[PDB]
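For reference, the structure discussed in these notes is given below.
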Amino acid sequence: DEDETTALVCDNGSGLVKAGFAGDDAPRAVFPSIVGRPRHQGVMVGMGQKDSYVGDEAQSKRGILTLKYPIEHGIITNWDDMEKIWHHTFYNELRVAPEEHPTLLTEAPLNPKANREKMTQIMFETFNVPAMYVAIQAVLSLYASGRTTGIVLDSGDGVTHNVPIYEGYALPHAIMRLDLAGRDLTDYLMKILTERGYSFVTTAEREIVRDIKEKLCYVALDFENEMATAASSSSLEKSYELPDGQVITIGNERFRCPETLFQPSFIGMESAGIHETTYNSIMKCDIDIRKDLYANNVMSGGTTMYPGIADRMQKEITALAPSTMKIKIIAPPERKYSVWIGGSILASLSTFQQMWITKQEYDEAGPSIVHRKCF
Amino acid sequence: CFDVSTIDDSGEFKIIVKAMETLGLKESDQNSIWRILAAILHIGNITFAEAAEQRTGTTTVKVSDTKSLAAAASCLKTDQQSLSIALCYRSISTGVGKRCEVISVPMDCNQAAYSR
Amino acid sequence: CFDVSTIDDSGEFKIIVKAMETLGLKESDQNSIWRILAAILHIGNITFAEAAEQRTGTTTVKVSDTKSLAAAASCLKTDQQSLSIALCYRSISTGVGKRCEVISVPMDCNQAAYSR
Amino acid sequence: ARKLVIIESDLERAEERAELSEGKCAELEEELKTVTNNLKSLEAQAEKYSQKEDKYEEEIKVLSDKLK
Amino acid sequence: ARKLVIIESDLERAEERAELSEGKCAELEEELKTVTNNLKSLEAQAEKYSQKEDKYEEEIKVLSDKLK
Amino acid sequence: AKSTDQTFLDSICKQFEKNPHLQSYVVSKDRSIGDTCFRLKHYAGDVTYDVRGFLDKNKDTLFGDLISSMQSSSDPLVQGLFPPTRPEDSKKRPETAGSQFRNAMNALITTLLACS
Ligand SMILES: Nc1ncnc2c1ncn2[C@@H]1O[C@H](COP(=O)(O)OP(=O)(O)O)[C@@H](O)[C@H]1O
Ligand SMILES: [Ca+2]
């Protein structure tokens, strides 16, 4: 009590459920968003199976599990299982009840209207939550990084968002939503692996791809020039003894899948690279508002952690684009967790009161209290 | 500032020493206390020669005066290398199981001097 | 724990001895009773120095402190060898005709300490 | 009866040689775990350093052109 | 005669696990020496790469000044 | 043998938490219940228990093999601890000592509900 109220900081997506205690800086409790059943039948008696297996408990013992995925970048295949995903957050890891402290979540811009009330209903009209809010993904990282004037491109795993926020919100738009990040690359690898007697089919092993990915996979400085270099067996082939029992000397499999990012043609979409749409969104704004945008670019998310992601952007943009101001790309120490660094802030602020929703406020405006307060 | 017109520190020391012994802080204990301050002084001889690695906006942090930087790590009795890597580059990844460090990237000078 | 702040065992003994004789437990009988407890104490000085015979998972059971192990079998008046083989390695084969023992194989430490 | 006494003399010899080996084998495995940890660590740094010099030489090449 | 078989059988188990452990332990010990050598070698290269990119650091800097 | 204390505790919360006189942190929304603990309603008061031990503590099972070695002793003391087979308590013999506890208390009430 005294000078302590304790506020939770959560940020869920399509890869990790980031959570902490109170006033923290970095995410303490983290676990994969998974929830399946026992295709096997639990021994059924050596426990009335139930618990789909979740948290650092399901990922530990995959194989047996029939992992089913609820949140495919935005759309939720089913909300009934979501109840048993949040039953793992506050209870197992955080070890605190939601009927005590507030709550903070993230908002993927342009989210279905039906999802607003559905989510809020799960808490207030069921699991008593005194107060909560659902802040907008990107905007959070802006302040934490210490930027006032920037163009943000937040992309962790779910979807891509080109948010030219550098002074205010809710203008025309200059924002886009693309389903081409993280999990999209995870499903693409197994496709091409078939050309080398490898086929990670189901979800259980599909997760292993993610593991092997974040330890060697890279983005070619220039696919065209590295083609002739492929002859050399030093900078391409990299041994990786699968901790299960298989040696895969990945060489041309590391920078072939990530290429899909710049080449949406490899997934059947007329959409251009992420540097074309960048122009598309900037041109719809004022004319005297660009010179400062190019000066400072905010690239956050785990997608920017790959080796050979920032340098390439400074090669293609400068080619066909205004060439007067300095070109600089900002990549903070841990540009992935930049969202959580800023997420913790708003939760620890007091001015935040004149924004969130209070217990009584809901009953005063009914279920439409959401779109009546926030937007 | 440094020198004060009303206070005479040089002549006060030997007078304080008697007061130091009055409580129970013998020379043996005195020396042990001076090390703690010496550690602070060693930190005080450590600034950041604004590394000119970056060419324009942002900038990294590098220590040209290794003599002073080494003096601290020497008395702190810690790895000079790890000290420079861990501080200049912050680590974050504490997923309950409890952390995996070292992942990072340089930051501006203001934040470096601030964290310092 | 061992010592209690409210009870004085050292001074209570000689008082209990009078009560021991009140019923009919003479020193001759007292000594006979202390042996039973001594047997329990000898069992209490017997643990299992986790035999490192197995290299990884499972593990066998071996007694490095033979002094303590022998002390029990000595007072129990039984074959020290058979005692170690029969206990550490359980026997099963009772086909009505009534058993043929000794067939067995080592087991983990938890089960050993449990059966103990 | 005599053979029962002789057979035991050879048993203790193999038990000790195996225990002595396991003692060092475990130590070597632990040491290997520490070395391999730094091996990939240095390899990661080596790859990073290689990436740095490549970008430096590229930028320096541009600076030279602008200088001329 | 039966006790003899029990002990004699144990001798076979002891001798088997001994030669197997020592065999792998010797192989492991020899491997550690190779890995240790690789560690020292890689560490040396990493040192050369680190000092090199640090030289380009003071080089790309002075060139930026002359260009300005 | 593998169903540890933790697994058994899980069998209680699911099989029950519907029948009167039982709660936990899952069903009953109350932070007062630790994740490693559970609530249990009595005839009036509420009590929170821990699941430490439970199994191995309650089981206390000792089959022949280990006992047989002691029963065939020549010493009058040792064999004394193993009376001539079931004294006024026969029924079936092998079935843990934990379940035997219930039988001891049930045999107690049976003879209590047959007098004045
Ligand atoms: N150092 C890294 N390099 C490349 N990918 C990384 C790195 N660290 C994390 N990732 C990846 O980033 C993704 C998680 O990023 P995150 O921003 O938390 O996603 P989301 O918010 O969509 O759940 C995972 O696919 C993970 O493997
Ligand atoms: Ca993100």
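Would you mind stating whether residue E:42 is at the interface with chain D (Cβ under 7 Å from one of its Cβ atoms) and within 30 Å of residue B:62 (Cβ to Cβ)? Don't jump to the end; show me each part of the working.
Values: at the interface with chain D (Cβ under 7 Å from one of its Cβ atoms): yes; within 30 Å of residue B:62 (Cβ to Cβ): yes.
The answer is yes for residue E:42.
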query: Here are some residues: D:63, D:20, D:67. Which one is at the interface with another protein chain (Cβ under 7 Å from one of its Cβ atoms) and out of contact with any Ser or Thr (no Cβ under 7 Å at 6 or more places or on another chain)?
result: D:67
task: Identify all residues within the stretch A:58-73 that are more than 12 Å from every other protein chain (Cβ to nearest Cβ), in a loop (DSSP other than H, G, I, E, B) and in contact with a helix residue (DSSP H, G or I) (Cβ under 9 Å, 6 or more places away or on another chain); write none if there are none.
output: A:62, A:63, A:64, A:67, A:68, A:69, A:70, A:73
- request: Enumerate the pairs (first residue in the stretch F:1-14 and more than 15 Å from residue A:43 (Cα to Cα); second residue anywhere and in a helix (DSSP H, G or I) and hydrophobic (A, V, I, L, M, F, W, C)) with beta-carbon separation below 7 Å, excluding pairs fewer than 6 apart on the same chain, so at least 6 apart or on different chains.
  value: F:5/F:55
- prompt: Can we say residue D:12 is more than 8 Å from every other protein chain (Cβ to nearest Cβ) and not aromatic (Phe, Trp, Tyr)?
  reply: yes
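Residue by residue through the stretch A:213-222, note down the ones that are away from ligand 2 (no atom under 16 Å from the Cβ), within 14 Å of chain D (Cβ to nearest Cβ) and more than 22 Å from residue A:315 (Cα to Cα). Steps first, please.
Step one: filter the stretch A:213-222 for residues away from ligand 2 (no atom under 16 Å from the Cβ), giving A:213, A:215-222.
Those left that are additionally within 14 Å of chain D (Cβ to nearest Cβ): A:215-222.
A:215, A:216 - these are the residues of the stretch A:213-222 that are away from ligand 2 (no atom under 16 Å from the Cβ), within 14 Å of chain D (Cβ to nearest Cβ) and more than 22 Å from residue A:315 (Cα to Cα).
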- request: Restrict the check to the stretch A:164-176 and report whether at least one residue is within 14 Å of ligand 2 (Cβ to nearest atom) and either farther than 30 Å from residue B:112 by Cα or touching a residue at least 12 places away in the same chain (Cβ under 8 Å) (or both).
  value: no
- request: Scan the stretch A:347-363 and give yes if some residue there is surrounded by 17 or more Cβ atoms within 10 Å (Cβ to Cβ), within 12 Å of chain B (Cβ to nearest Cβ) and away from ligand 1 (no atom under 12 Å from the Cβ), otherwise no.
  value: no
query: So which of A:97, A:135, A:131 is aliphatic (A, V, I, L, M), in contact with a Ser or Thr (Cβ under 7 Å, 6 or more places away or on another chain) and more than 16 Å from ligand 1 (Cβ to nearest atom)?
result: A:131
message: Which numbered condition in (1) over 21 Å from the mean Cα position of the chain (by Cα); (2) within 24 Å of residue E:26 (Cβ to Cβ) is the only one that residue D:31 fails?
response: (1)
task: Name the single residue, out of those in the stretch B:53-85 being of a type in the set (A, V, I, L, M, F, W, C) and within 14 Å of chain A (Cβ to nearest Cβ), that is surrounded by the fewest Cβ atoms within 10 Å (Cβ to Cβ).
output: B:85
message: For the condition out of contact with any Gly (no Cβ under 9 Å at 6 or more places or on another chain) and surrounded by fewer than 18 Cβ atoms within 10 Å (Cβ to Cβ), what is the one hit in A:248, A:212?
response: A:248
- request: Kindly indicate whether residue B:39 is assigned to a helix (DSSP H, G or I), in contact with a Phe, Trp or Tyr (Cβ under 9 Å, 6 or more places away or on another chain) and away from chain E (no Cβ under 14 Å).
  value: no
statement: Quick count over the stretch E:25-37, residues being more than 7 Å from every other protein chain (Cβ to nearest Cβ) and not acidic (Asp, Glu), is 4
- request: Can you confirm whether the stretch A:265-279 contains a residue that is within 16 Å of ligand 1 (Cβ to nearest atom) and more than 26 Å from residue A:174 (Cβ to Cβ)?
  value: no
query: Applying the selection to the stretch A:340-367, what residues are touching a helix residue (DSSP H, G or I) at 6+ places or on another chain (Cβ under 8 Å) and over 28 Å from residue A:30 (Cβ atoms)?
result: A:361, A:362, A:365, A:367
task: May I ask you to list the residues in the stretch A:21-30 that are within 14 Å of chain B (Cβ to nearest Cβ) and touching a helix residue (DSSP H, G or I) at 6+ places or on another chain (Cβ under 7 Å)?
output: A:24, A:25, A:26, A:27, A:29
task: May I ask you to list pairs of residues, at least six apart or on different chains, whose Cβ atoms are under 8 Å apart, with the first in the stretch B:86-101 being within 16 Å of residue B:60 (Cα to Cα) and more than 7 Å from chain A (Cβ to nearest Cβ) and the second being hydrophobic (A, V, I, L, M, F, W, C) and crowded, with 17+ Cβ neighbours inside 10 Å?
output: B:88/B:61; B:88/B:112
query: Of all residues in the stretch A:175-204 being among the aromatic types (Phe, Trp, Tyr) and surrounded by 17 or more Cβ atoms within 10 Å (Cβ to Cβ), which is farthest from residue A:108 (Cα to Cα)?
result: A:200
query: Do you know which of the residues in the stretch A:31-57 that are among the aliphatic types (A, V, I, L, M) and more than 16 Å from residue A:210 (Cα to Cα) is farthest from the other protein chains (Cβ to nearest Cβ)?
result: A:35
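Here, each number is a calculation from the coordinates, and none is a lab measurement. Ideal geometry is used to build each Cβ from the backbone, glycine not excepted, and the neighbour counts take in all protein chains shown.
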